[PDB]
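Asks: Show me the folded form of this:
(8 chains, ligands or ions: 11)
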Amino acid sequence: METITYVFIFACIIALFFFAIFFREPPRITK
Amino acid sequence: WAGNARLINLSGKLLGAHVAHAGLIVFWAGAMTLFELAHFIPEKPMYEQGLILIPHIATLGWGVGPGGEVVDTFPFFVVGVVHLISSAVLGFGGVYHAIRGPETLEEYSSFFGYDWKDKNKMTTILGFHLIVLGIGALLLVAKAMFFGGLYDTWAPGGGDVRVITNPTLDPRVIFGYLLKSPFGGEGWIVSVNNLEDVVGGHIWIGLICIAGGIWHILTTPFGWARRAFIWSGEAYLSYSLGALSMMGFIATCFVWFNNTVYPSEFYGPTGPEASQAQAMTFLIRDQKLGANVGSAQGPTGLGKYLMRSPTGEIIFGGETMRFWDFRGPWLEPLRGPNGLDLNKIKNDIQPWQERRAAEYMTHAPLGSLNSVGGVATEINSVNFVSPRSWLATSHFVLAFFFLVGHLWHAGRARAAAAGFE
Amino acid sequence: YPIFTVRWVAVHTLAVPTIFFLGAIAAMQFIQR
Amino acid sequence: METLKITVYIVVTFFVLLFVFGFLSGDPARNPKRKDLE
Amino acid sequence: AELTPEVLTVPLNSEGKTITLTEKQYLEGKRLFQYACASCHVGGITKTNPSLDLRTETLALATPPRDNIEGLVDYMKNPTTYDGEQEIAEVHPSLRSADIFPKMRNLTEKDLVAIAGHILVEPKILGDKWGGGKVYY
Amino acid sequence: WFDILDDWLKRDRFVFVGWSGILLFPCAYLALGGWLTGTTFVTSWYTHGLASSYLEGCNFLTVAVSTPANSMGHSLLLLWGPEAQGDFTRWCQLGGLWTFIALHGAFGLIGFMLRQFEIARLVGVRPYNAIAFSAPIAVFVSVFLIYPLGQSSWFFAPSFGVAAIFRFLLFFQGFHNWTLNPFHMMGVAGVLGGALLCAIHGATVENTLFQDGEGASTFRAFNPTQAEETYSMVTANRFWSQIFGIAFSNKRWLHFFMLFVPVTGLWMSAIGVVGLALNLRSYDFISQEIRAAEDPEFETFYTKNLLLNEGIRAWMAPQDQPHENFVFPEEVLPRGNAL
Amino acid sequence: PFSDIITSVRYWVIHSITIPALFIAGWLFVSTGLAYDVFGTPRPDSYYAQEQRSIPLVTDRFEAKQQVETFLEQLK
Amino acid sequence: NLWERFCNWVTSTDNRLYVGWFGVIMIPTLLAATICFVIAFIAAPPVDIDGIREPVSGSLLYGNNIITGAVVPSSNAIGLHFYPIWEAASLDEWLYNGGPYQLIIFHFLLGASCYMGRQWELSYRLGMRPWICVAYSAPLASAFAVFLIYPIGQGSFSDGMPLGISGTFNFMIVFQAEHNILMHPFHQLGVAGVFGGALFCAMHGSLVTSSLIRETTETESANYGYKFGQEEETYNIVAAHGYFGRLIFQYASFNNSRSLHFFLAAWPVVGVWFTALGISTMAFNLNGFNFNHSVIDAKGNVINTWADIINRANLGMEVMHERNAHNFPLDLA
Ligand code: CLA
Ligand code: CLA
Ligand code: CLA
Ligand code: CLA
Ligand code: CLA
Ligand code: CLA
Ligand SMILES: C=Cc1c(C)c2cc3nc(c4c5[nH]c(cc6nc(cc1[nH]2)C(C)=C6CC)c(C)c5C(=O)[C@@H]4C(=O)OC)[C@@H](CCC(=O)OC/C=C(\C)CCC[C@H](C)CCC[C@H](C)CCCC(C)C)[C@@H]3C
Ligand SMILES: CC1=C(/C=C/C(C)=C/C=C/C(C)=C/C=C/C=C(C)/C=C/C=C(C)/C=C/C2=C(C)CCCC2(C)C)C(C)(C)CCC1
Ligand SMILES: CC1=C(/C=C/C(C)=C/C=C/C(C)=C/C=C/C=C(C)/C=C/C=C(C)/C=C/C2=C(C)CCCC2(C)C)C(C)(C)CCC1
Ligand code: OEC
Ligand SMILES: [Fe+3]
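Replies: Numbers count the residues shown, from 1 in each chain, chains lettered A, B, ... in the order given. Ligands and ions are numbered 1, 2, ... in the order given. The protein structure is shown below:
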């Protein structure tokens, strides 16, 4: 269990990747 | 102050420069050879002073007896002088060609020496310089077979200068070295054991150089070659630039792990030599204290002196187990089928072998900037730094930066073709 | 132009001691034992 | 496992021919944004 | 606190006569030690045979005795196992083995004496250290 | 008579001497001379046992200004200090320099952040720089004051030298296993992150510079009206986005974030040290130690390291700490086989 | 500084005689031996009192001065 | 015909990344490393680093916490040889002799190398200069130095550099106890490069932040950005160049933006350039300085220089590094 917790917080840091890189807010020049 | 970049297109000045720096390279050849035969003392391990070229000169077995420093002093003075004067012969040339006047408008000249972007002329100039290496290479061959030999460290007794006969000219053997794993002891070019391979390995180059020099002379590059490569002046540097880098590495690693080419007798002992040398030194020591080497059991259960290699042979134990690939003239006679013969060991071990072990083991390539010899912790009363560590060290450095150069100049050829100029 | 705190002092405050030391140090290098 | 060693080499060289033949490529060659010389 | 005569007033032979060295010599001792020794005898400790040192006390227990100069000189010319039963000239530097230890070829009687002196004066200066490397170990 | 001085003093010359100019220069000068003086002329073996200066022949690296003797605690022994009794020469023999340098030098740091505030209200700029500067000042007090305070005395504070600092490092590794502290880890994060930024930012710019801005094609020009500046955010963006995957493109954030990383880090690190001041460390993993003793066939890098430490401590503490007078018999010393 | 006195001759003139006057003034600071006595940085003659294998330490907070002297009288 | 349609894909924008000829190797490579590596850290069995039969296990399942460690170096027996999977027998074996190490390393370097190439190639498809290729070259080169050159210079990947947090520390410690780095200019410039970058990345961003366009839609309740379309850019460089110049002196400050940002990419990169060399130079035994003795010829009494107490610590550690794996008196590698 000391384990799953180091894993759990791991899967999130990769889940955050995907979601940050593929679901980010657009950088547009519409301005 | 990109001064040297303003010269790019006025080939009339580059000749002035290329032949100016070409004058330094030779200058150093004399300034150092003479500086060495200067400080140089006879009968003291070449390498325990701090020399580099002489060792090269004795490599070619120019002046030596069975692993005996030098019987004839002179051979080095010749080299020291020649190159020191070739430095003026060219200093004159470089300077002149640099200052007296540019090129490309001499009609009969442009017929003998052309310019860039002209694949057929660049090609032609290239082949030329290829006909020159084809020769220098083959000259080395001459100096081993019909001339004052070359230094063979192998069989037998002392391996003084020996002349070679019928070099390994087999078509297979030569490129086999190219097709072999560059790992664990086996580095393609480094694996070179027999000195005869080395001679024959040079004969084929020259034939290949020459057969090539002429080839481009007569032929301009095909389509595929034209659409892959660019043709700017800067870009040809990027090609040549990165080529040299690889080699810096090449030779460096080539330096650390000796092939007869770098007889450890001048250069010193190999990083592994020292370790393996330390194992052997102690078998004897205890053997003299009546210790039985086969039944030894080190705190690990691996036997202090003898253990195996994954493929199952015998090798000196201890961290020096990682250098069982090591081979030299002293450790070999104990070698036999299945690894080291426990029977030649305790029975047939000559004394002159303990000497070499002790000497090498004693002059471990290990050193610091203060030239302090041995472990990082020793006292400053011993000066030494194996030439190899010097060559390996400095030369690594250049092979690196130089690569940084392959990136910088080749990435700038992408800015000429259309990018930023 | 004149002599002034800034230009003047700054420079000699730092720059003068230095040569006194460089002088002292230069003397050291030859000492024995 | 000898079956494995083989499989690998195929894979590896496979993607090598894609690097090599991707550059010598008569088709894409050295096409940039500012100038195409063909 | 300077280098003194007493300091250099070292034993010359087994019986009881002594010689007092000089400044000039002492220094040549080091220079020579470092030249054909240090490498194997750094700081006065055998690298090839750690269980045997060059400390003064251990030299007296040799065969023949070696706490004095004449003994060392003899050793440098011809070697003697700690007990004196084997001829280790084919293994250890010796004026008799110049042909194999080229560093020895040049050496002279005066130099042996000085080298010997260096080895006997050191311990009075360094103390425990020169032994098994205290500061050094 | 006041405002005048304000101006004369705050007069815009070559070297700006403001109101703070009075603290800064007298202190930042003496703190420099103090170093350079002893560095070149004083010995600290009456107080530390080693060689301090060039006078005895140390190399630049070796030479330093050593800390007072542990027998003195935290007594600021100033020249008129009951202990030195006004005798300069001895005031130096005893190390009365360290205190000198740290104190004057502490105020020079005070002056330098003050001078950073002045200049911002004369020019009318933001105070931010003055704030970024707190990190170092933290690190400084943390190190040279807080730490020595918590411990036995002034002696244990870093020594003013090169090597004398490396020895500090190592000291920490052995008795504190500072590397395991998480705080030093974050500190280690920002410093390496500061350099990572410094490269990508500086390289991106330089390399995304506007094409043809110079016919000659070298890049040594600008002007005030060059409002747009020499490079593209739009291209960088896509560059990164497609190579690294992320790229917040809003110049104002990029630079501020460049304040956060380095500075945010050193504050931690400094915190981490206020901790060690009280021998309160992150030198152990109960969980492991426990299973480390009930079982001998189990080992991790955590362990292998704790072994090196004891080696550092046993061998290095008797020469490194002269006052307790440690006598350690050969046998006693921890020691791996054959070495 | 765009080179201001850096070019004139007066700058060289007033220093050509000034700087080599400190360069020397300093050198004599070491050859004469004021350093040692002004700073109290023992010389190779005075580290260990021949056959005094101990390192002078300091123990009492108030006797630093009388302690140090106790060490200088010894060496003499 | 098809062959042409494939290349076009690889070559331009794909709404996620750019995967050119360089990422044709980089993508499958770095994947094998990631996967292998993640799993090795969560379950790898113990591995005996130095040939000795004393396995070390730095994996999650086998009793570790994150800092405690990870993927351990190949055996010292296979040390310098090529250790693939096919080349061995059962994976129970492989797992013991450090296989994961080599496998992960080599793929990573190669793909690490290509990640660099990829950086340049994107430049060629976007007409911009080729510099970023160069600044990455610093750490990359360094990784290689630590993960390759050394084990290549030393004689075995074992003691390359563990893939754990903890072992990183070990590698460091053992390292300076064996080669004494602290006192080596290349690691000194290294600290210069890094402490450099820190001081500069704070300086720049600090100033750039202080000299902003004080009057652009920024009030005390909101703070919203700029976008390329914004001409004058964010700050008044005259205010910054004026600020810094007044803090020390005119020269001290930077006139234009090129010298500013060029400096930012020059200091760090050329600092690590050297350090990465530092290691590579001590990979073949050209260890740092070592001023072990300064004397008082008076009697020859040895005087300890601050550096000796450095050798006193370097000492304790030498003695106990790789406890019980030494059979002979002096380590020679
Ligand atoms: C094959 C050889 C080679 C050649 C012919 C060139 C040629 C050129 N280079 Mg390239 N370069 C090379 C290798 C080469 N380079 C390598 C290996 C690298 C990677 C480090 C570079 C990196 C490089 C850069 C980064 C730049 C160039 C530039 C240029 C142009 C420069 C003109 C100039 O201003 O020089 C001026 C040169 C100098 C002031 C030399 C500085 C050398 C160092 C500091 C000396 C170190 C010595 C040290 C003191 C010794 C200590 C003693 C020792 C015993 C310990 C010129 C076309 C410039 C350009 O714009 O290209 C078009 C440019 O910006 N080059
Ligand atoms: C590798 C070495 C090297 C070389 C070969 C060159 C070569 C050259 N440089 Mg470059 N340069 C270099 C390094 C080098 N540079 C570096 C490191 C920098 C940065 C500091 C520069 C910066 C630079 C600038 C800024 C400029 C050049 C220019 C030039 C060209 C000048 C031609 C001339 O007639 O000058 C005039 C010649 C002289 C003043 C004479 C020098 C005489 C020598 C020392 C004599 C030596 C004695 C001789 C061997 C005696 C022979 C006797 C006989 C009996 C044997 C030339 C091709 C210039 C240019 O525009 O080129 C296109 C230019 O403006 N360079
Ligand atoms: C890298 C290797 C290298 C290379 C490739 C070259 C290549 C070359 N060299 Mg160089 N050289 C080198 C190294 C090298 N050199 C070195 C190391 C040195 C120093 C030893 C020299 C010294 C050198 C000299 C001294 C000369 C050359 C010349 C030449 C060119 C000769 C071509 C020819 O057909 O000449 C055949 C010669 C001729 C057709 C001569 C015609 C004579 C002229 C037109 C007379 C003008 C006088 C007229 C009466 C004036 C009327 C004026 C009115 C007011 C009265 C050629 C480009 C020659 C050159 O550049 O001159 C053309 C030359 O004179 N080289
Ligand atoms: C001096 C060096 C040299 C250089 C720079 C060149 C350069 C070139 N050659 Mg030439 N060549 C050389 C020597 C050289 N050659 C020699 C010595 C020979 C005789 C065998 C030839 C025979 C030759 C032929 C027959 C052809 C060329 C062609 C070409 C062009 C090919 C385009 C290309 O690179 O495609 C891409 C390149 C590759 C796929 C090859 C990569 C090879 C690696 C880097 C080197 C491997 C070297 C080897 C293993 C080392 C020897 C080890 C030793 C121990 C035995 C190019 C301009 C072509 C041409 O110009 O067409 C008209 C062509 O058809 N060359
Ligand atoms: C003097 C001869 C010599 C030379 C030149 C080399 C050279 C090299 N050695 Mg070897 N070595 C030698 C002797 C030698 N060694 C000996 C005697 C031993 C006995 C112990 C070793 C043991 C040894 C080990 C243990 C290792 C090396 C490694 C390396 C490489 C390091 C650079 C790199 O990262 O390349 C990266 C690759 C390139 C720059 C590719 C160049 C080839 C063409 C131009 C590109 C192909 C592109 C494509 C993307 C890649 C396909 C590669 C394929 C393997 C899948 C370098 C090629 C390291 C390595 O990475 O192994 C190969 C390594 O770990 N060597
Ligand atoms: C508080 C005071 C202090 C000071 C003054 C120093 C100073 C130094 N340390 Mg130490 N250090 C300290 C505390 C201190 N340290 C502490 C508390 C620790 C933790 C125990 C360390 C740990 C430490 C380590 C581990 C190392 C150092 C090293 C160094 C040297 C680094 C050189 C460097 O590049 O720095 C970074 C700074 C810069 C690159 C820039 C400084 C600014 C310069 C002077 C400006 C030059 C500009 C010029 C005047 C104007 C040009 C104008 C332009 C427009 C053209 C330096 C001598 C390193 C070394 O090499 O040791 C010898 C090293 O490895 N230090
Ligand atoms: C190697 C470490 C390091 C050094 C040497 C260093 C140095 C410096 N940083 C400055 C500034 C800054 N540094 C900053 C952030 C950072 N600086 C960092 C790391 C360093 N910064 C880091 C990691 C950061 C990120 C937080 C900022 C944000 C600024 C500034 O604004 C300022 C500047 O203007 O930039 C250039 C300059 C301040 C001058 C001053 O205030 O004098 C006053 C005080 C003096 C002279 C002495 C006080 C007394 C101290 C105790 C004595 C030091 C004496 C030494 C021991 C003796 C010499 C030793 C030799 C080995 C060198 C100074 C050159
Ligand atoms: C920097 C520069 C440059 C360059 C330069 C160069 C490249 C140079 C070179 C030079 C050279 C390349 C030189 C050479 C020289 C030489 C000499 C000067 C020699 C001499 C000699 C002698 C004198 C002799 C010896 C001897 C002998 C043989 C015998 C025994 C004895 C004796 C020892 C006497 C240029 C111009 C481009 C431009 C500008 C810059
Ligand atoms: C103590 C005191 C005092 C005084 C003093 C002072 C303040 C001083 C200062 C001093 C100083 C201030 C000094 C200095 C010295 C210096 C020196 C001796 C230097 C040198 C340098 C060099 C040699 C350099 C070089 C270089 C090079 C070559 C290159 C790279 C870089 C460099 C720059 C590093 C008083 C009375 C107030 C009171 C209290 C106490
Ligand atoms: Mn990993 O290590 Ca290069 O030092 Mn000696 O040999 Mn093995 O012991 Mn440590
Ligand atoms: Fe910026």
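Asks: Endpoint to endpoint, stretch H:16-29 covers what distance?
Replies: Start-to-end span of stretch H:16-29 (CA to CA, to the nearest Å) is 19 Å.
Asks: So is that stretch next to chain B?
Replies: No. Applying CB under 8 Å from any CB of the partner chain, one finds stretch H:16-29 separated from chain B by no less than 12.2 Å. C-betas here are computed from N, CA, C, even on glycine.
Asks: That stretch: how far from the chain's middle?
Replies: 22 Å (CA atoms, centre = their mean, to the nearest Å).
Asks: hmm, who's touching that stretch?
Replies: A:22, D:15, D:18-19, D:22-23, F:242-243, F:245, H:10-12, H:107-108, H:110-111, H:114-115, H:117-118, H:121-122, H:125 (CB atoms under 8 Å, 6 or more residues apart in numbering or on different chains).
Asks: Would you mind giving me the ChimeraX syntax to select the buried ones in those?
Replies: In ChimeraX, this line selects whichever of these come out buried by 16 or more other CB atoms under 10 Å in any protein chain shown:
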select /D:15,18,22 /F:242,243 /H:10,11,107,108,111,114,115,117,118,121,122,125
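Asks: Looking at chain B, what residue ends up closest to ligand 10?
Replies: residue B:319 (4.6 Å; CB to the nearest ligand atom).
Asks: do chain F as well
Replies: residue F:339 (8.1 Å).
Asks: for that residue, what are its contacts?
Replies: H:318, H:319, H:320, H:326, H:329, H:330, H:331.
Asks: Can you add secondary structure and give the residues you listed back as TSV?
Replies: Listed next are these as TSV, based on DSSP: H, G, I helix; E, B strand; the rest coil:
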residue	secondary structure
H:318	helix
H:319	helix
H:320	helix
H:326	coil
H:329	coil
H:330	coil
H:331	coil
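Asks: most neighbours, which of these?
Replies: residue H:320 (25 neighbours; other CB atoms under 10 Å in any protein chain shown).
Asks: Quick check: the nearest residue to it once chain neighbours are set aside vs residue E:43, distance?
Replies: With sequence-adjacent residues excluded and distances taken as CB to CB, 6 or more residues apart in numbering or on different chains, residue H:320 is closest to residue F:311, at 4.1 Å. As judged by CB to CB, to the nearest Å, residue F:311 and residue E:43 stand 21 Å apart.
Asks: If you count surrounding residues, which of those two has more?
Replies: residue F:311 (26 against 23).
Asks: pretty sure that one contacts residue H:316?
Replies: Yes. The criterion here is CB atoms under 8 Å, and residue F:311 meets it with residue H:316 at 3.5 Å.
Asks: Can you show me the strands along the stretch 1-150 of chain B?
Replies: Ranges of strands in the stretch 1-150 of chain B, per DSSP state E, counting those that start in this stretch, are B:150-151.
Asks: Of all residues in it, which one is closest to ligand 5?
Replies: residue B:59 (16.1 Å).
Asks: which residues touch the residue nearest to residue H:320?
Replies: F:334, H:315, H:316, H:317, H:319, H:320.
Asks: Of these, which pair is most distant in space?
Replies: Of all pairs drawn from the contacts of residue F:311, the widest gap by CB to CB lies between F:334 and H:315 and measures 11.6 Å.
Asks: Comparing those two, which residue is more hemmed in?
Replies: residue H:315 (24 against 16).
Asks: Angles on the backbone of the residue nearest to that one when sequence neighbours are not counted, please.
Replies: Setting aside the residues directly before and after it, residue H:315 is nearest to residue F:315 in space (CB to CB, 6+ apart), at 5.0 Å. Backbone torsions for residue F:315, taken as degrees, to the nearest 10, come to phi -70, psi -40.
Asks: number of nearby residues for residue F:315?
Replies: 26.
Asks: Pull out the buried positions in stretch F:57-70.
Replies: Neighbour-count burial for stretch F:57-70 [16+ other CB under 10 Å]: F:57-59, F:61-70.
Asks: now do stretch B:296-307
Replies: So, applying 16+ other CB under 10 Å, buried residues of stretch B:296-307: B:296, B:298, B:300, B:302, B:303, B:304, B:305, B:306, B:307.
Asks: Surely the last one forms part of a strand?
Replies: Yes. Judged by three-state DSSP, residue B:307 forms part of a strand.
Asks: Can you give me every residue that contacts the closest residue to it other than its chain neighbours?
Replies: Take residue B:307 and drop its neighbours on the chain: the residue closest to it by CB to CB, 6+ apart is residue B:317, 4.1 Å away. Listed by CB under 8 Å, 6+ apart, the contact set of residue B:317 reads B:279, B:298, B:302, B:303, B:304, B:305, B:306, B:307, H:327.
Asks: Now do the same contact list for the second one.
Replies: Spelled out, it's residue B:298. Counted by CB under 8 Å, 6+ apart, residue B:298 has contacts B:304, B:317, B:318, H:327.
Asks: The closest residue to residue B:90 other than its chain neighbours: what's it in contact with?
Replies: Nearest residue to residue B:90, sequence neighbours excluded (CB to CB, 6+ apart): residue B:23, at 3.7 Å. For residue B:23, the contact set (CB under 8 Å, 6+ apart) comprises B:86, B:87, B:88, B:90, B:91, B:93, B:94.
Asks: Next one: residue F:188 from residue H:168, what distance?
Replies: Residue F:188 is 10 Å from residue H:168, by CB to CB.
Asks: ok, these two, which is more surrounded?
Replies: Between residue F:188 and residue H:168, counted using other CB under 10 Å, residue H:168 has the larger neighbour count: 18 against 15.
Asks: what's the burial count for the closest residue to chain D within the stretch 101-250 of chain B?
Replies: Distance from chain D to each residue of the stretch 101-250 of chain B (CB to the nearest CB) is smallest for residue B:227, at 4.6 Å. Neighbour count of residue B:227, defined by other CB under 10 Å: 17.
Asks: so it touches residue D:30, yeah?
Replies: Yes. With contacts counted by CB under 8 Å, residue B:227 reaches residue D:30, the gap being 7.3 Å.
Asks: In contact with the closest residue in space to residue H:286 that isn't next to it in sequence, which residues?
Replies: Of all residues beyond its chain neighbours, the one nearest residue H:286 is residue B:393 (4.5 Å), with distances taken as CB to CB, 6+ apart. By CB under 8 Å, 6+ apart, the contact set of residue B:393 is H:281, H:284, H:286.
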